[PDB]
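To start, the structure under review is shown below, and the notes come after it.
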Amino acid sequence: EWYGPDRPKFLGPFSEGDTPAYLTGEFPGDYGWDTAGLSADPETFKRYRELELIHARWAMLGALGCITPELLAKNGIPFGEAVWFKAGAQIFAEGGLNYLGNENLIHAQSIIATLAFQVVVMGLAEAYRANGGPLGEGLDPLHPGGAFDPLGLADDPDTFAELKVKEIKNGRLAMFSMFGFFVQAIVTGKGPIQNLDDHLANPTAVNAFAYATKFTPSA
Amino acid sequence: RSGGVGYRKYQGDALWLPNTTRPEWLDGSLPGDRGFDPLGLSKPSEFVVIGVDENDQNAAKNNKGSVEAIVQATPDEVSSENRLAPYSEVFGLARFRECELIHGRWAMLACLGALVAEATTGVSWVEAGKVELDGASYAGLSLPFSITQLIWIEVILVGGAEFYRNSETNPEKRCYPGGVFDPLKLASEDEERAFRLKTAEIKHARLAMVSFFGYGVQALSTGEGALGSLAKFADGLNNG
Amino acid sequence: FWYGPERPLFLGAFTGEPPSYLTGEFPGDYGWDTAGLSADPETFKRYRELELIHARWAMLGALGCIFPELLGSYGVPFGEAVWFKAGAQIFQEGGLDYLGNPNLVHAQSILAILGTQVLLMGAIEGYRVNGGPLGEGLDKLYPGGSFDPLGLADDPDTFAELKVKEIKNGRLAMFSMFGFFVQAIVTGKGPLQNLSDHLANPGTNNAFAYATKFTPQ
Amino acid sequence: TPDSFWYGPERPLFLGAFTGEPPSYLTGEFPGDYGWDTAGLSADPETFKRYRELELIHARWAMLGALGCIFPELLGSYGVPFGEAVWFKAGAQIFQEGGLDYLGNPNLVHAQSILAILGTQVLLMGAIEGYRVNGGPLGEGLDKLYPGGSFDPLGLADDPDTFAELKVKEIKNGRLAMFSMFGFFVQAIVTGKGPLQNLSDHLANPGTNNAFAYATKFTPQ
Ligand code: CHL
Ligand code: CHL
Ligand code: CHL
Ligand code: CHL
Ligand code: CLA
Ligand SMILES: CC1=C[C@H](O)CC(C)(C)[C@H]1/C=C/C(C)=C/C=C/C(C)=C/C=C/C=C(C)/C=C/C=C(C)/C=C/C1=C(C)C[C@H](O)CC1(C)C
């Protein structure tokens, strides 16, 4: 289970009649769904695992940071308009951009300062992720360990090979939920907790089909 | 472990009398066999064939036809070059088995339909005609068909079923075809387990035909349907 | 996955030590005999004779409590759709109308009801012990014969898991009827009537509202 | 392979005489091989197979889509009382008060709940797309994209030359539709009208109802 040629797959009982021969079960997260045949080259399939895992990690950081300014908004925390798809414009408010509500916090007005600081920080940090450097060099490009596993959890290689599957499954629906949050903000124009409050107010009447005739081309 | 108490084994075959014998042409190979055949309707009825006579207008005497041969009856040759009279005999046991079953399968499909249609709509099966001659309804929902459209749809569709049913040539397989008609594959294997399935269908066939002949006769007297003529009996029985 | 030592137990992954006399051989073996009632290998048979008859008599019971009240909500004029009020229908002058229909059964004499039940149930539970014209010398719990007409119990391999599905569905039904007796004494309403009131407002129509119902003095 | 004019090295090419020579893996034994893989997406023969069921199913949905988008629109202009005849405005017929009456006829389908439509679409389209991958009662071990048998009832794909000829007709009728069904999308975003309403206007004045009258529509402003 979870590895070998007897792993669960992406269609269940129907899935065994078309599964790619180059997908075997030797990598975590193998459910046998490469019907478009994009990763048949084993060199590109080495790269697409790296692209998938990094995208998942920004998604798990991303999806948690989209709702924590809104759950705190309903628990009586003073924000200046904490909804994720328009909280970037808070820096053009007259009080700068205070962090929680307090002026003795960060208080950033010039975005040119915080932008150019980021690209130098993230420039070397993303450069060190590929080549290595001060937090180790000769390490696995996906799971280096050591400096990024302080708590010793990446031991017991029958457990470490299963926390990967928890790493990517928790990662995949976070990628699927940020693709949620994007579209539910484009169409509706409100925060996802406000959407989740409004679906629970009336689930039969208030759902996505109320917004189905929004993009009809009037010409 | 066992104990024979509260019942008796009787060592027998459960004929339609508690003690008579079995007629000769009935043998226990069929599921419905309880030895019930008065009037000899499935006896092997041998014939005799008479030659044709003389028309022969340019002759002296046009005699008569006379006896040629006493042939024996050969039932259930269902050779399919005929297509309008397949069996070699009208009075053959294998044809009446099939004629009992198809009478059975229409009956119990109709006896249940005579009640479920009434239990929702309230229209009895006797008066189901006029009430849809004006409007085609089903479970209180309207349907777009005229009654002229219903007959052409009926004759064309259920025609081809009754033509395809007449395409099989094996006299057992005309009764129980299976194949596509047994998707669950219940009576397809385990021939003893299939046999008590077959005795359950004929008992539900025999009980159906009597029950449907029950509906019509009491609908001729009373003029009332299946369940409306049931409540009339319980009307006076409860109060009186 | 169900038999032997690599079976699940009542405490799951953190189960530690089951009792010794539960080897993963019989259905419903989750190793939950922490009080140790059935260390006797003879008496443990008698409870497996007795758990299952409780299990089968409770699975058919649940469609006698849920099912008339469920049909009563969808337009069938029952005499008493609530199941614990159903016995009192024979003492009203309309009588026990089956499905609320007067031209059906229409019971009037309550003493004549069980006057013929005892003659049947006496003859039908005595068949389960021994004898009977259905199956003479057969298994005490799984005879097949003509209790299994369709033949879903043909191979001995698949027959083991249907015995498992019989008892897990069965223990689940017996759980609901230690339920069903409490929620009728406490509320006085039907079981789906309590379910219809909980979906309207869950945080108020739960059992903590009735927490002071048996208050003394 | 016979001399069949569509398979092999003498096959016609997507630029005519100016093509020269096809890529080294498009050798001309699959339908619709005009030798056009200039970007080279399918050099891997494992990957090149994966685009062919990806192309053919797109064709077998678009050919239904090309006929399906205009045929209620065509009959709508001759007095059939549809709710909406335009294909991109016909999905919102479930929200009107009469329900989605099929053919504009109230005594037909009469759908009310959009959830009930979608609830039974997934439970059916899951099973038959599940059957298309493998299994299913209509054929167990067959081809992934030419199953035949119960999916060729009239028996007109039996001769290996005629059946190899009709595969060329299927994909070319398909590639005509996929290009054209792409056209329905763009000339509905731009023009805003039904696709025959675009056609009956271009037949009105062809010099002024062409696409250049909509060229300044998306000016940055
Ligand atoms: C046995 C039934 C079964 C079925 C039918 C599926 C089906 C699916 N699984 Mg699988 N699974 C099934 C069993 C199991 N899955 C999994 C584990 C997984 C995982 C981890 C994943 C899947 C995923 C998928 C999807 C991949 C195929 C696809 O991309 O659809 C493409 C085709 C469609 C989506 C058709 C569209 C249907 C819908 C009606 C569209 C509606 C149209 C709009 C209303 C209008 C259009 C809008 C316009 C305006 C732009 C698909 C939904 C993947 C997934 O989640 O992708 C999202 C995935 O990551 N499955 C397990 C556990 C082992 C199963 C147990 O047996
Ligand atoms: C690892 C975590 C785990 C834990 C803690 C349990 C615990 C339990 N399992 Mg197990 N399971 C666990 C894993 C798993 N179980 C199962 C499958 C099963 C089954 C089929 C069953 C159990 C059952 C049990 C119970 C065994 C003893 C009992 O009856 O307690 C009961 C006593 C208590 C829980 C404590 C007291 C009850 C209450 C919480 C106190 C609250 C106080 C009241 C509010 C006060 C009332 C006021 C006044 C008036 C009195 C117990 C609830 C049995 C069960 O369901 O029993 C009902 C059972 O049939 N488990 C699987 C699937 C393989 C597991 C997977 O890991
Ligand atoms: C054997 C199962 C059985 C049970 C548990 C009941 C119990 C009930 N009957 Mg019923 N009956 C049962 C079968 C039969 N009854 C009747 C004839 C009647 C009549 C005429 C009436 C009832 C009424 C009632 C209800 C009494 C209200 C009440 O108990 O207060 C609330 C308390 C509870 C519901 C707790 C019940 C739990 C129970 C005491 C423990 C379960 C174990 C039992 C001791 C086992 C049963 C007997 C054993 C020895 C087999 C209640 C639903 C009355 C009624 O419905 O009016 C409202 C009524 O008038 N019953 C017949 C035909 C003789 C039955 C056939 O066996
Ligand atoms: C099969 C693909 C499919 C497509 C392309 C559409 C497209 C549409 N639907 Mg529709 N639907 C589709 C399936 C289904 N729909 C519905 C139920 C509805 C309802 C109730 C409504 C619509 C509406 C619409 C229209 C939105 C107006 C618009 O987009 O502006 C113009 C722009 C375009 C037409 C360009 C669109 C092209 C598209 C974005 C690219 C095509 C690729 C897609 C991404 C593929 C999607 C398939 C996926 C889901 C597997 C649009 C034509 C609304 C409507 O009726 O509008 C008035 C509406 O109210 N649909 C169901 C039943 C659940 C479907 C089943 O699969
Ligand atoms: C890819 C295929 C496709 C898809 C998804 C659609 C999608 C759609 N079409 Mg289009 N269509 C297509 C291809 C397609 N079309 C093609 C190729 C044709 C040409 C034949 C049509 C012709 C067409 C018409 C004429 C109409 C639609 C309509 C519709 C809409 C609803 C469909 C519906 O009501 O189904 C329901 C249909 C069925 C379930 C099958 C037909 C069943 C009929 C009613 C006979 C009933 C059978 C039987 C007699 C009754 C059963 C027995 C009963 C008595 C118990 C939807 C937007 C309707 C609409 O409003 O769009 C504008 C509409 O009126 N379609
Ligand atoms: C195992 C173990 C282990 C450990 O170690 C120890 C211990 C704990 C001791 C143990 C446990 C045990 C248990 C849990 C038990 C329980 C049981 C139950 C509950 C049963 C039920 C049981 C139940 C039952 C029978 C029931 C049945 C029922 C019925 C018939 C009913 C009937 C009816 C109906 C239909 C309805 C209507 O209105 C009427 C009447 C008539 C009323």
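Protein sequence lines correspond, in order, to chains P, A, F and H. Quick note: the first sequence uses our numbering, first residue 30, plus one each step. Quick note: the second sequence uses our numbering, first residue 878, plus one each step. Quick note: the third sequence uses our numbering, first residue 432, plus one each step. Quick note: the fourth sequence uses our numbering, first residue 5, plus one each step. Backbone N, C-alpha and C define an ideal beta-carbon position, used for all residues, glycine too.
- the stretch 110 to 123 of chain H: positions lying closer than 9 Å to chain A by Cβ: 110, 111, 112, 114
- Would you say residue 72 of chain P faces chain H, with C-beta separation under 8 Å as the test? In the first sequence, counting from the first residue as 1, residue 72 of chain P sits at position 43. Not one chain H Cβ lies under 8 Å of residue 72 of chain P.
- Task: Taking 8 Å as the cut-off, decide whether the C-beta atoms of residue 207 of chain P and residue 91 of chain P are in contact.
- Result: Counting from one through the first sequence, the residue named residue 207 of chain P turns up at place 178. Counting from one through the first sequence, the residue named residue 91 of chain P turns up at place 62. In contact: residue 207 of chain P and residue 91 of chain P (Cβ atoms closer than 8 Å).
- Taking the CB atoms as reference points, tell me whether residue 879 of chain A and residue 567 of chain F lie closer together than 8 Å. If you number the second sequence from 1, residue 879 of chain A lands on position 2. If you number the third sequence from 1, residue 567 of chain F lands on position 136. In this structure, residue 567 of chain F lies closer than 8 Å to residue 879 of chain A by Cβ.
- Pull up the distance between the alpha-carbon of residue 502 of chain F and that of residue 227 of chain P, whole angstroms please. Counted from its first residue, the third sequence places residue 502 of chain F at position 71. Counted from its first residue, the first sequence places residue 227 of chain P at position 198. Taking the straight line joining both Cα atoms gives about 34 Å.
- Message: Suppose only complete runs of 3+ residues qualify. What are the beta strand (DSSP E) ranges in the stretch 1047 to 1085 of chain A, listed by chain order?
- Response: Runs found: none.
- Query: Cβ of residue 113 of chain H within 7 Å of any heavy atom in ligand 5?
  - Reply: Mapped onto the fourth sequence, residue 113 of chain H falls at position 109. Correct: residue 113 of chain H has its Cβ closer than 7 Å to ligand 5.
- Residues with C-beta closer than 6 Å to any heavy atom of ligand 6, in chain order: F:463, F:464, F:465, F:466, F:468, F:485, F:488, F:489, F:492, F:495, F:496, F:514, F:517, F:605, F:608, F:609
- Message: Between residue 504 of chain F and chain A, is any beta-carbon pair separated by less than 8 Å?
- Response: Along the third sequence, read from residue 1 onward, the residue named residue 504 of chain F stands at position 73. Not one chain A Cβ lies under 8 Å of residue 504 of chain F.
- Query: If we call anything under 8 Å between Cβ atoms a contact, is residue 96 of chain H one with residue 233 of chain P?
  - Reply: Counting from one through the fourth sequence, the residue named residue 96 of chain H turns up at place 92. Counting from one through the first sequence, the residue named residue 233 of chain P turns up at place 204. Between residue 96 of chain H and residue 233 of chain P, the C-beta gap is not smaller than 8 Å, which leaves the two residues out of contact.
- Which residues does DSSP pair with residue 162 of chain P in a beta bridge? Taking the first sequence and counting its residues from 1, the one referred to as residue 162 of chain P is at position 133. According to DSSP, which records beta bridges pairwise, residue 162 of chain P is partnered with P:165.
- Query: Going along the chain, which unbroken runs of the alpha helix (DSSP H) with 4 or more residues stay wholly within the stretch 36 to 107 of chain H?
  - Reply: 49 to 80
- Below 8 Å between beta carbons: does that hold for residue 913 of chain A and residue 948 of chain A? Against the second sequence, residue 913 of chain A aligns to sequence position 36. Against the second sequence, residue 948 of chain A aligns to sequence position 71. Contact: no.
- Message: Is there a C-beta anywhere in chain F that falls below 8 Å from the one on residue 948 of chain A?
- Response: By 1-based counting over the second sequence, the position of residue 948 of chain A is 71. Not an interface residue.
- Would you kindly work out how many angstroms separate the C-alpha atoms of residue 72 of chain P and residue 51 of chain P, rounded to a whole number? Translated into positions along the first sequence, residue 72 of chain P becomes position 43. Translated into positions along the first sequence, residue 51 of chain P becomes position 22. The alpha-carbon of residue 72 of chain P is positioned some 12 Å away from that of residue 51 of chain P.
- Query: Any chance the CB of residue 519 of chain F is under 7 Å from a heavy atom of ligand 3?
  - Reply: Taking the third sequence and counting its residues from 1, one reaches residue 519 of chain F at position 88. It does: the Cβ of residue 519 of chain F is within 7 Å (strictly closer) of some heavy atom of ligand 3.
- If you measure from each residue's Cβ to the nearest non-hydrogen atom of ligand 1, which ones come out under 7 Å, in chain order? Residues with their Cβ less than 7 Å from any non-hydrogen atom of ligand 1, running along the chain, are P:37, P:38, P:39, P:40, P:41, P:42, P:43, P:60, P:62, P:201, P:205, H:122, H:125, H:126, H:129, H:130, H:134.
- If residue 576 of chain F and residue 565 of chain F are in contact, beta carbons under 8 Å, what's the gap, nearest whole angstrom? Sequence index remark: in the third sequence, residue 576 of chain F carries index 145 (1-based). Sequence index remark: in the third sequence, residue 565 of chain F carries index 134 (1-based). That pair is a contact at about 6 Å.
- Message: Between residue 1020 of chain A and chain H, is any beta-carbon pair separated by less than 8 Å?
- Response: As a working note, residue 1020 of chain A is residue 143 in the second sequence. Answer yes: the Cβ-Cβ gap between residue 1020 of chain A and chain H drops below 8 Å somewhere.
- Within 10 angstroms of its Cβ, does residue 634 of chain F collect 16 or more other Cβ (buried), or is it exposed? Taking the third sequence and counting its residues from 1, one reaches residue 634 of chain F at position 203. So residue 634 of chain F counts as exposed.
- Query: Which one of P:198, P:125, P:213, P:112 has the shortest CA to CA distance from residue 143 of chain P?
  - Reply: Sequence index remark: in the first sequence, residue 143 of chain P carries index 114 (1-based). Closest by alpha carbon: P:125.
- Using 10 angstroms around the beta-carbon of residue 611 of chain F, count the other beta-carbons present and answer buried if the total reaches 16, otherwise exposed. Taking the third sequence and counting its residues from 1, the one referred to as residue 611 of chain F is at position 180. So residue 611 of chain F ends up on the buried side.
- Test item: CB-CB of residue 459 of chain F and residue 453 of chain F under 8 Å: By one-based count along the third sequence, residue 459 of chain F stands at place 28. By one-based count along the third sequence, residue 453 of chain F stands at place 22. In this structure, residue 453 of chain F does not lie closer than 8 Å to residue 459 of chain F by Cβ.
- Item | Residue range of the beta strand (DSSP E) that includes residue 113 of chain H | Here residue 113 of chain H is taken as the residue at index 109 of the fourth sequence, counted from 1. Note, residue 113 of chain H: premise wrong, no beta strand (DSSP E); not H, not E.
- Of the listed residues H:186, H:176, H:202, H:213, nearest to residue 18 of chain H (C-alpha basis): Taking the first residue of the fourth sequence as 1, we reach residue 18 of chain H at position 14. With respect to the C-alpha of residue 18 of chain H, the residue from H:186, H:176, H:202, H:213 having the closest C-alpha is H:176.
- Whole-number beta carbon distance between residue 151 of chain H and residue 73 of chain H, since they are thought to touch under 8 Å: Taking the first residue of the fourth sequence as position 1, residue 73 of chain H is located at position 69. Taking the first residue of the fourth sequence as position 1, residue 151 of chain H is located at position 147. About 27 Å separates the two Cβ atoms, so there is no contact after all.
- Task: Take residue 1117 of chain A and list the residues in its own chain whose beta-carbon comes closer than 6 Å to its own, dropping the five residues that flank it on each side.
- Result: Residue mapping note: residue 1117 of chain A aligns to position 240 of the second sequence, counting from 1. Within the same chain, residue 1117 of chain A has no close Cβ partners at all.
- Does the beta carbon of residue 528 of chain F come closer than 8 Å to any beta carbon on chain A? Position 97 of the third sequence, counted from the first residue, corresponds to residue 528 of chain F. Residue 528 of chain F does not count as touching chain A.
- Task: Could you tell me the distance, in whole angstroms, from the CA atom of residue 514 of chain F to the CA atom of residue 550 of chain F?
- Result: In the third sequence, residue 514 of chain F corresponds to position 83, counting from 1. In the third sequence, residue 550 of chain F corresponds to position 119, counting from 1. Just so you know, the alpha carbons of residue 514 of chain F and residue 550 of chain F end up roughly 25 Å apart.
- Item | Beta-carbon contacts of residue 52 of chain H that lie in its chain and below 6 Å, excluding the five residues immediately before and after | As a position in the fourth sequence, residue 52 of chain H is number 48, starting the count at 1. Hits under 6 Å: 46.
- Backbone secondary structure at residue 171 of chain P - three-state DSSP: If you number the first sequence from 1, residue 171 of chain P lands on position 142. Coil, per DSSP.
- Heavy atom of ligand 4 less than 7 Å from the Cβ of residue 189 of chain H, yes or no? Counting from 1 along the fourth sequence, the entry for residue 189 of chain H is found at position 185. Yes, the Cβ of residue 189 of chain H comes within 7 Å of a heavy atom of ligand 4.
- Query: Is any heavy atom of ligand 3 found at a distance shorter than 7 Å from the C-beta of residue 498 of chain F?
  - Reply: If you number the third sequence from 1, residue 498 of chain F lands on position 67. It does not: the Cβ of residue 498 of chain F is nowhere closer than 7 Å to a heavy atom of ligand 3.
- Query: If you measure from the CB of residue 89 of chain H, is any heavy atom of ligand 5 nearer than 7 Å?
  - Reply: As a working note, residue 89 of chain H is residue 85 in the fourth sequence. Yes.
- Query: Is there at least one Cβ from chain P nearer than 8 Å to residue 137 of chain H's Cβ?
  - Reply: Numbered from 1 along the fourth sequence, position 133 holds the residue referred to as residue 137 of chain H. With 8 Å as the cut-off, residue 137 of chain H counts as an interface residue toward chain P.
- Query: Using 8 Å as the Cβ pair cut-off and three pairs as the minimum, do the stretch 1003 to 1020 of chain A and the stretch 978 to 988 of chain A touch?
  - Reply: no
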